[PDB]
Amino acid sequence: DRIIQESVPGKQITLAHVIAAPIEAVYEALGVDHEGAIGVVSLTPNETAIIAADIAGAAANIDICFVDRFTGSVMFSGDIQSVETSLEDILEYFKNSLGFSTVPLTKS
């Protein structure tokens, strides 16, 4: 029961989430402004975080908190509709123009 597996990254968005009103401990632990909804994206390969941050900014009026190409994460802040618009555009671009597996937009 031993097998060689050549490990490469898959192509998927695992999380596309909006936190409508984060608690103060979340703004503090994130080092961000204590206002606005939070957009959280999880992507593979990790390098696609730069593409998703570009789409998020181009889609709506948002403030990029971080573009992490080392963990494949993107965080941004703004009004709840601006944050949803960026998440929607990220999911639409990665599914329709990149052929990535995508999850639905989740809200909390």
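All residue numbers are counted from 1 along the displayed sequence.
In the deposited entry, the Cα temperature factor of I38 places it in the middle third of its chain's modelled residues.
Looking at the C-alpha B-factors along this chain, the one for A21 belongs to the middle third. Among the modelled residues of the chain, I3 sits in the highest third by CA temperature factor in this PDB entry. For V32, the recorded CA temperature factor ranks within the highest third of the chain's modelled residues. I13: CA B factor lies in the lowest third for its chain, per the PDB record.
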